[PDB]
Amino acid sequence: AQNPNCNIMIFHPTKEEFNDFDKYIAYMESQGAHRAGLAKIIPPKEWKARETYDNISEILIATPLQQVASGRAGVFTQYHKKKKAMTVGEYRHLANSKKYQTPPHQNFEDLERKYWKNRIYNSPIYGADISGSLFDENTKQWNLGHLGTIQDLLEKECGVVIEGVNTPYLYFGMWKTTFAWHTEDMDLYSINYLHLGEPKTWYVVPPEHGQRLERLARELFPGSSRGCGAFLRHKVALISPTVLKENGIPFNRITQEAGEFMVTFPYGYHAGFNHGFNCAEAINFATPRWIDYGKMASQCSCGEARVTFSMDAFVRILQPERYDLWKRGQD
Ligand SMILES: O=C(O)CNC(=O)C(=O)O
Ligand SMILES: [Mg+2]
Ligand code: NI
Ligand SMILES: [Zn+2]
């Protein structure tokens, strides 16, 4: 078995290997990458997402979210308070302000220590989940707006034609902005490209150990667990690496820099934080190997998780028994 310790693997494709996206994902899995839950792909030196980032300031962040924490430093939840709209240029200025800017630090490890020590005492503002793309239309390789759609994959694999669309989302981050422990909707893959700015640190649990994380989470968030049998679908809970180590949960960590792709694999729980002002783009995707994960994916039916239009068909076709209850949660 390749990669039996479930380490995060880093790949350096040539320009020739960068042509066929599906084929390269399948190559990475042949070397065991998926066992980690997360892989890093460094594009060939010849490649670029677009020519410059000089003209992005007038993109609108219609609903910036202030991420307010509750709990203790290593075990907390966050809720998202809606703020007034602002442009990317306004947001970048805010991120760089004395109130919100990255503190002085020695290296990424020192910054990670400071994040876990101090995150809960601040409420950073995140521009998340903004439909759109920063890839130039002329970028033909690994353009996250031109991937094969999940609906087309399901149709190719299973023969059923379904409604729905699949488009990318932009994320504008600042110091301490945080992504809570989660897997993707319907335990899909994700791909994330860091277009610009400061790094993003990731933590990930191997798919084969995801239920260990879930059991810890039920212990650590016992009221949330009673409220919903899939409450990590709410995307609000944080657990530090120190706490995961204390409880014997297998995980790994890596820092993504500007110009790098990350791929999350089906049922790979992940969480993380931004180091300073940055912009990422991400999208879900599927492969043939995903189908079995989609069929087994947990679902939130309590009403909190509320998701896209396009998840309807996935639940309806892959999880018909669950469909009725899940849809009640959506309505
Ligand atoms: O970058 C972020 O805030 C969150 N991204 C992801 O969870 C992802 O790409 O799967
Ligand atoms: Mg603009
Ligand atoms: Ni994710
Ligand atoms: Zn729920």
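These residue numbers are counts, starting from 1, taken along the chain as shown.
Technique stated in the header: X-ray crystallography, 1.5 Å.
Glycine residues also receive a Cβ, built from the backbone N, Cα and C atoms like all the rest.
Going by Swiss-Prot, these are the annotated features:
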type	residues	note
BINDING	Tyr126, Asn192, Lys200, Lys235	2-oxoglutarate binding site
BINDING	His182, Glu184, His270	Fe cation binding site
BINDING	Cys228, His234, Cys300, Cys302	Zn(2+) binding site
DOMAIN	8-50	domain 'JmjN'
DOMAIN	136-302	domain 'JmjC'
MOD_RES	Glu16	polyADP-ribosyl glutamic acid
MOD_RES	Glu17	polyADP-ribosyl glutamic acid
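Known features from Swiss-Prot, placed on the structure.
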| residue | record | Cβ contacts under 8 Å, 6 or more apart |
| --- | --- | --- |
| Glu17 | polyADP-ribosyl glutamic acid | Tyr24, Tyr27 |
| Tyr126 | 2-oxoglutarate binding site | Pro64, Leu65, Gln67, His80, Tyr171, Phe172, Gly173, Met174, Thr177, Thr178 |
| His182 | Fe cation binding site | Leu232, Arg233, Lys235, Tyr269, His270, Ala271 |
| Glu184 | Fe cation binding site | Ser190, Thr264, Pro266, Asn284 |
| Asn192 | 2-oxoglutarate binding site | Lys200, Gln256, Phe261, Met262, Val263, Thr264, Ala280, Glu281, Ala282 |
| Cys228 | Zn(2+) binding site | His234, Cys300, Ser301, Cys302, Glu304 |
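The least crowded of the recorded positions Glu16, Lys200, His270, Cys302, judged by other CB atoms within 10 A of its own CB, is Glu16. When each of the binding-site residues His234, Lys235 is scored by how many other Cβ atoms sit within 10 Å of its Cβ, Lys235 comes out lowest.
One way to see the shell of the Fe cation site is to take the Cβ centroid of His182, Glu184, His270; the remaining same-chain residues with a Cβ within 8 Å of it are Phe179, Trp181, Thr183, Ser190, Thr264, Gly268, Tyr269, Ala271.
Taking the centre of the Cβ atoms of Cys228, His234, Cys300, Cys302 as the Zn(2+) site, the nearby residues of that chain (Cβ within 8 Å, site residues left out) are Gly227, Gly229, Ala230, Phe231, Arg233, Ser301, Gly303, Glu304, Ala305, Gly329.
The record assigns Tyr126, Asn192, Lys200, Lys235 to the 2-oxoglutarate site; their largest pairwise CA distance measures 17 Å. Candidate recorded positions: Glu16, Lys200, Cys228, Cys300, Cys302. Those with a Cβ under 6 Å from ligand 4, in sequence order, are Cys228, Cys300, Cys302. Per-class residue totals from DSSP over the domain 'JmjN' (8-50), listed helix then strand then coil: 14 helix, 7 strand, 22 coil. Close to ligand 1, meaning a Cβ under 6 Å from one of its atoms, are these of the binding-site residues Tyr126, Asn192, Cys228: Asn192. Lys235 (2-oxoglutarate binding site) carries neither a helix nor a strand DSSP state and counts as coil.
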